[PDB]
Structure formats: C-alpha cells, structure tokens
2 protein chains.
Amino acid sequence: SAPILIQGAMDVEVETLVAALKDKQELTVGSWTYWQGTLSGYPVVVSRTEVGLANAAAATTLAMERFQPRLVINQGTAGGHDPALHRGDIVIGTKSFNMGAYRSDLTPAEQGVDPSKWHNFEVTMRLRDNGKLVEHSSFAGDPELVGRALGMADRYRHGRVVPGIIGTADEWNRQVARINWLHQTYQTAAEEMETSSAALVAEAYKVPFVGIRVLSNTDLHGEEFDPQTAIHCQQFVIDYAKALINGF
Amino acid sequence: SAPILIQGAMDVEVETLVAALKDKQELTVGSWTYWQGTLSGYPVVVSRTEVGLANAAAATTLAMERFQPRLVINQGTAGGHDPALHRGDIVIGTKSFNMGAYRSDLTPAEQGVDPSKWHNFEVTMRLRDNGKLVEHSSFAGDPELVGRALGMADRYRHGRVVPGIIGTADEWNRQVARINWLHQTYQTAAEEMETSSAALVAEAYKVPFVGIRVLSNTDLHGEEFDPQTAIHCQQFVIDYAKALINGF
Ligand SMILES: Nc1ncnc2c1ncn2[C@@H]1O[C@H](CSCC[C@H](N)C(=O)O)[C@@H](O)[C@H]1O
Ligand SMILES: Nc1ncnc2c1ncn2[C@@H]1O[C@H](CSCC[C@H](N)C(=O)O)[C@@H](O)[C@H]1O
C-alpha cells in the first residue's frame, strides 16, 4: 500500500510515466502536480517537481506529507561531466551532492575572482535527526536500489547504464573548462538541478532514494539536447518500477 | 486563527523568538522543528529551517502543510553586499532572488572559466499556477509588509533599517571582488542562503512573505561575525509581529 514516488522536473520528463499509470487521480498543491495511480496493480505517485533545488525540495516534502511513499525514484535528464559518457547513457547515482554549494576564503578586491579556490559548502547538506545535527557531504543512493538498476542494464537499449556521481546545482554549465574542473575535482558523471535536494528530503524522512539520470546532452562531445532521451529514461524507469513491484 | 510563521535557520537565529512565545509545544518532523505558541495572545509558529535553499524550501513547505500560516516572516543574519551598509544594519527585502542560479553560453576548454559570463538562471524561480507556467526573476516582499517594517525603522535600537535586495545562494562569498561584482550586477544589499527559497514556496502557496535580515558580517568593512546581531534582529521582528497582531 505505500506508493513508490517517481519524480521528474519537466513535462517531457513525466508525461510517459503519467501515461503508464492506471486509474489516475490528479492533485495540485501550490506549484506542484501529482498523479496518483497504479503500475502492475501497485500504487505509484508521479510528481512533476519543476526545476531546481528549491522546487525539488518543496515537491519532495509535499509528497512525503501527502503520500508517505515507501521509496523515491528521482529521474530525468542531465549534462555529461565524464568524457567517457555520451548522450543517451544513463547514470545510476551511487551518490548525489550539492555541487553548487560554495564557500570561499577572504581575498581583497585586488586579487579578483577565482572559482578554483571555492570549497564545497557542506553545511547545505547538514540535517537534524531527532533534533541532533547530522553532517552529510553527499547522499548515497540506496545501494540495493542502485544495484537493481545496474542489474537491469541489459534491458535499456539506447545507451549504457553506469554507476556514477550526480552533481546537483542550480546551474547549467556550458563552459567546458568549468565542466572539466568540476569533473576533476568531484569525480562527477553528470550535472543536473534536483537530485541531491530531493535526496536531502528523502534522508530527512528516512525513505530509500535512488537517482536515475539520462544524459540528454554533453558539451564534452558536442552533443546537443535530444528530448527523446527523456522518454527513453522514463521507459527504463517504468520497467525498473515494475520489477520492484513484482518483488513486493 | 491562522498563525504568523517566523523562520530562522540557526539556533542563534530562533532562540530569542522561541523564548518570547507563551504556551509552547515543540514539533519535529523529519529534519525540521517548529515551536507553536502565542505572541500577544495570537498564534505564532517559529520554524528552525536549517541552512540553505533545499532546507528552506522543505521547512517552508512542511509549515504550509501543517500550519497553514496567514503570512511568513523569514529572518536571520546575512553578509553585506552594499558598501553603504554595516554589521547591525537590517535589510527589508523589497525583493529576493536566487543569486546562485547560473547559466552560461558554450565556451571551449581553451577559454578557461569566466564567472562574469554566468548569468542568472531564472528557470530556478519559475513556478506553475493552476497548471500554467509563471516566470519569476525575483520574489517581491509583500509591499505592505515591507512598508510596515520600514515605517518601524526608528524602533530598531541597533542600526539602520533599509529597503534592499536580498541575494540568496548556497554560498558564503568572501572574495571581495566577487561580492563587488554581485552587488554591481544585481544591486544586492546582502547575501544569505534561505530567503528566495522560502519566498518561492510562499509564492506557490500565495501566502504574503517578507524577508528581514540583519548584517552579522561584511567583508566590505572587515566586520567579522557578531552573534549579537541575530538576537537584535529577533527583537525587532518580535516588535514587528506584535504590531501586525495588534492590527488583526
Ligand atoms: N546540462 C545540464 N545542466 C544542468 N541541468 C540539466 C542539464 N541537462 C538537463 N538538465 C536538467 O533538465 C532541466 C534543465 S533547466 C530546464 C530548461 C528547459 N528549457 C525548460 O524551460 O523547461 C533541469 O531540471 C535539470 O535538472
Ligand atoms: N555572509 C553570508 N553569506 C551567506 N550566508 C550568510 C552570511 N552571513 C550569514 N549567513 C546566513 O547564516 C547561515 C550561514 S551558514 C551557517 C554557519 C554556521 N557556522 C553553522 O554551522 O550553523 C545561513 O543560514 C545564511 O543564510
């Protein structure tokens, strides 16, 4: 009875999921729409989160309060950070983190601006549990959920399914030198704008979480946005959810 | 009666507020704690949001769902961006925005990294209203709430009270050239890590919102963190809330 929550930011990242639901009921609260239905006879809630960290955290929190899901799959599109990956490849998030969180040391105006000196600002991922502070430098994908997606790699026929680190920021980077620096510094597979924020809320509520992201683009190979990748990602995630459901 | 919601991120930014409440009870869900009580006999909820955009959005959303407040005051400490301002001055947020949101045009690796080319990525503040996309390049503080705070300026005993733009980011900037660039580009009064995120959720729920921030520090004048500013801000906010309550 507790539903599986499946998230996407954009319309193109959720409409295939929504079409797969049986006996759909729609709910909109604030800026956030949910479709409550079934897959393989089991309750599933699809959430259109809108874009970015604030939207992701709001949409996830609202879903926790309204639906009490048993697990969360956050999915959608991303941009490549690892040169080994191409448009259409899918990253299963071994961990996600707030890549956009920056703290910098004091420098006078004369020294200019140097982002290579900025440090990851981990307080942005700090939480409390029963009122006690718990530090986080990243959020691990639930390792069984991660393993399951990797084991199903053969069922995805539009690229490779690989484990990787998902870097979350309110950013779309197209300065290739910046992408390279972020990859070298944080070992990122891909960048996007929601995962670690949804993951933060899932950790606060102690609900298993996994991020699943297709590269819709990568400037490391001159590969521009292809909307079909979002559809292919949802097809894989439907299969994945159905497998989980067969298991329940 | 629908409560006034008053927010602060850190313990030092809420303990004075909490001490002011009568007939309290303390509620924690996930990572977020709320104190429900009364000020001047009127219901008030004090929220400890924890730090950063994801936490602010989660804490605000959770408060909307649990308490349905009639208005939101987000307050706490900030770092100066405007050279005219000093530690202890209070900024009333005429608007707040996601200063950390960055989009850049394509540049090849050989051109390196140039943050002066990172433009504000407005999609991070885009919402939906009854299913329809609504752009936001910032969130205006409720203008009557803003005006009221400005009208009470001479009731603040420890510095100026000024209107200004609040720049929200998962960042603590201490590169003075970077502070200067953000101020020149966005006309920011001060920087902090929650306001526009809480504001985004308040806009989605159509609940009046105002940000009230004291400068606890500014590297434009070599003024390091002073925790007493946080206490002073809360005293001003209590006075302000009591004024609204008298009005109800
Ligand atoms: N290269 C990239 N960098 C950052 N986010 C990316 C990305 N590629 C895809 N994304 C994801 O896709 C969305 C991009 S922002 C949305 C842009 C789109 N034109 C619109 O108006 O809706 C975000 O949800 C983000 O998580
Ligand atoms: N100069 C500044 N830049 C960004 N945020 C600032 C700031 N000065 C104060 N803040 C605010 O104060 C908090 C700083 S991060 C918290 C740091 C503190 N040492 C701790 O561990 O709890 C954030 O909530 C932020 O909104």
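## Remarks on the interface of chain A and chain B
(1) Moving on: In this assembly, 59 residues from chain A lie in contact with 58 residues from chain B.
(2) Moving on: Taking both sides of the interface into account, the surface hidden between chain A and chain B amounts to around 4900 Å²; carbon and sulfur atoms contribute 57%.
(3) Moving on: Considering only the side of chain A, the residues that lose the most area to chain B are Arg128(A), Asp170(A) and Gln175(A), jointly responsible for 14% of the buried surface there.
(4) Moving on: Taken together, chain A and chain B are joined by six salt bridges.
(5) Moving on: Our enumeration of links across chain A and chain B arrives at 28 residue pairs in polar contact.
(6) Moving on: Of all the secondary-structure elements, those providing two or more residues to the side of chain A that touches chain B are α2 (53-67), β7 (102-103), β9 (127-129), β13 (171-172), α4 (176-186) and α5 (195-204) of chain A.
(7) Moving on: Broken down by element, the side of chain A that touches chain B gets its largest block of residues, nine residues, from α2(A).
(8) Moving on: Taken together, the residues that form the side of chain A that touches chain B break down as 28 nonpolar, 15 polar and 16 charged.

## A closer look at the UniProt feature "domain: Nucleoside phosphorylase" (unreviewed entry) in chain A
(1) Moving on: On the UniProt side, "domain: Nucleoside phosphorylase" (unreviewed entry) is annotated at positions that read residues 3-244 of chain A here.
(2) Moving on: Secondary structure content for residues 3-244 of chain A is 28% helix and 34% strand, and the end C-alpha separation is 11 Å.

## Some details on the packing of helix α3 (residues 143-151) of chain A against helix α6 (residues 228-247) of chain A
Residues and elements named next belong to chain A.
(1) Moving on: Axis separation between α3 and α6 bottoms out at 11 Å; the angle between their running directions is 120 degrees. Comparing the axis directions of α3 and α6 gives the class oblique. Here α3 runs over α6; the crossing is right-handed. Contact residues: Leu-145, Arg-148 and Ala-149 in α3; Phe-236, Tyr-240, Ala-243 and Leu-244 in α6.

## Concerning the side chain of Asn98(B)
(1) Moving on: When you line up the elements, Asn98(B) lands in strand β6 (residues 90-98).
(2) Moving on: Reaching out from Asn98(B), the side chain makes a polar contact with the backbone nitrogen of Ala101(B) at a distance of 3.3 Å.
(3) Moving on: Sequence-distant contacts of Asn98(B), defined by excluding residues within four places in its chain, comprise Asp170(A), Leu53(B), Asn120(B), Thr124(B), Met125(B), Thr168(B) and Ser196(B).

## Side note on the packing of aromatic side chains
(1) Moving on: Taken as a whole and judged by the stated rule, the model has 15 aromatic pairs over all chains.
(2) Moving on: Ring geometry for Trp118(A) versus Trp118(B): centroids 6.0 Å apart, planes at 85 degrees, classification edge-to-face. With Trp118(A) in the loop between β7 and β8 (119-120) and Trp118(B) in the loop between β7 (102-103) and β8 (119-120), this pair bridges two chains. The burial state of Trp118(A) is the same as that of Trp118(B); both residues are buried.

## Considerations on the environment of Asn55(A)
(1) Moving on: Counting through the fold element by element, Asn55(A) comes out in helix α2.
(2) Moving on: By relative accessible area, which is 0% here, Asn55(A) ends up buried.
(3) Moving on: Residues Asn55(A) and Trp32(A), spaced 23 residues apart in sequence, show a C-alpha to C-alpha distance of 8.6 Å.
(4) Moving on: If we skip the residues at most four places from it in the chain, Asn55(A) touches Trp32(A), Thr49(A), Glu50(A), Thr124(B), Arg126(B), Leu127(B) and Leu200(B).
(5) Moving on: Polar side-chain contacts of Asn55(A) include one of 3.2 Å to the side chain of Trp32(A).

## What to know about the site of ligand 2
(1) Moving on: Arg126(A), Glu191(B), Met193(B), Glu194(B) and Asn217(B) are the nearest of the 15 residues found near ligand 2.
(2) Moving on: Around ligand 2, the nearby residues trace back to chains A and B.
(3) Moving on: Separating an oxygen atom of ligand 2 from a side-chain N or O atom of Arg126(A) is a distance of 2.9 Å.
(4) Moving on: At a separation of 3.0 Å, a nitrogen atom of ligand 2 approaches a polar side-chain atom of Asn217(B).
(5) Moving on: Starting from 570 Å² of accessible surface for ligand 2 in isolation, the protein chains cover 82%.
(6) Moving on: For the shell around ligand 2, the secondary structure elements donating two or more residues are β5 (71-80), β13 (171-172), β14 (188-192) and β15 (209-217) of chain B.
(7) Moving on: Residue composition of the shell around ligand 2, by class: six nonpolar, three polar and six charged.

## Brief notes about the relation of the copies chain A and chain B
Copy one and copy two of the chain differ by a rotation about a common axis and a shift along it.
(1) Moving on: For the pair chain A and chain B, the superposition axis carries a translation of 0.0 Å, the fit reaches an RMSD of 0.2 Å, and the rotation angle comes to 180 degrees. Put plainly, the chains are arranged around a two-fold axis.
(2) Moving on: Here 98% of the interface residues in chain A have copies in chain B that are interface residues too; the copies meet face to matching face.

## Focus: empty space enclosed by the protein
(1) Moving on: If you walk through the whole model with that rule in mind, you get five cavities of 30 Å³ or more.
(2) Moving on: Empty space within the largest cavity amounts to approximately 80 Å³.
(3) Moving on: Residue lining of the largest cavity: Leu53(A), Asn98(A), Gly100(A), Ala169(A), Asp170(A), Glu171(A), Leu53(B), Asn98(B), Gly100(B), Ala169(B) and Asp170(B), and that is the complete set.
(4) Moving on: Residues that form the lining of the largest cavity fall into these classes: four nonpolar, four polar and three charged.

Rules behind the numbers
Each chain's residues are numbered sequentially from 1 according to the written sequence, a convention that need not reproduce the entry's numbering, and residues without coordinates are excluded. Chain A is the first chain written and ligand 1 is the first ligand written, with later ones labelled in order. Hydrogens and waters are ignored; side-chain quantities use all the structure's heavy atoms. Contacts are residue-level and defined by heavy atoms, with any inter-residue pair within 4.5 Å sufficient. Two parts placed together each lose some accessible area under a 1.4 Å probe, and adding up what both lose gives the buried area. When a carboxyl oxygen of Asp or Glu is within 4 Å of a side-chain nitrogen of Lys or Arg, the pair counts as a salt bridge. Here a polar contact means two N or O atoms within 3.5 Å. Within protein one must be a hydrogen donor candidate and the other an acceptor candidate, and residues neighboring in sequence count only if both atoms are side-chain atoms. Helix and strand definitions here come from DSSP, where helices need a minimum of 4 consecutive H or I residues and strands a minimum of 2 consecutive E residues; each element is numbered from the N-terminal end. We call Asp, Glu, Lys and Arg charged. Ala, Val, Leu, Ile, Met, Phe, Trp, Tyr, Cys and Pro are nonpolar, and the rest, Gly among them, are polar. UniProt positions are given in the numbering used here, feature names are shortened, and annotations may be inferred rather than shown by experiment. Inter-axis angles, ranging from 0 to 180 degrees, are taken between N-to-C directions of lines fitted to C-alpha atoms, where helices are fitted over the stretch in contact. We call two directions roughly parallel when the angle between them is under 35 degrees, roughly antiparallel when it is over 145, roughly perpendicular when it lies between 65 and 115, and oblique otherwise. Two helices cross in a left-handed way if the nearer one is turned anticlockwise from the farther one by less than a right angle. They cross in a right-handed way if the turn is clockwise. Each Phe, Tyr or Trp ring (for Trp, its six-membered ring) is paired with any other whose centre lies within 6.5 Å, and the angle between the two planes then decides the class: stacked below 30 degrees, edge-to-face above 60, tilted in between. Exposure classes here rest on a 1.4 Å probe applied to the protein chains alone. A residue is buried below 20% of its type maximum, exposed above 50%, and partly exposed in between. The criterion for a residue being near a molecule or strand is simple. One of its heavy atoms has to lie within 4 Å of it. Per-residue and other accessible areas follow the Shrake-Rupley method at a 1.4 Å probe size, with only the shown protein chains counted as cover for residues. Structural superposition of the copies relies on a least-squares fit of C-alpha atoms. Only protein atoms enter the calculation, which uses a 1 Å grid: trapped sets of points that fit a 1.4 Å probe without letting it out are cavities, open sets showing protein on both sides within 12 Å along at least five of seven lines are pockets, and any residue with an atom within 4 Å of a point is a lining residue. Grid points are joined across faces, edges and corners, and a volume is the space filled by probe spheres set on the points.

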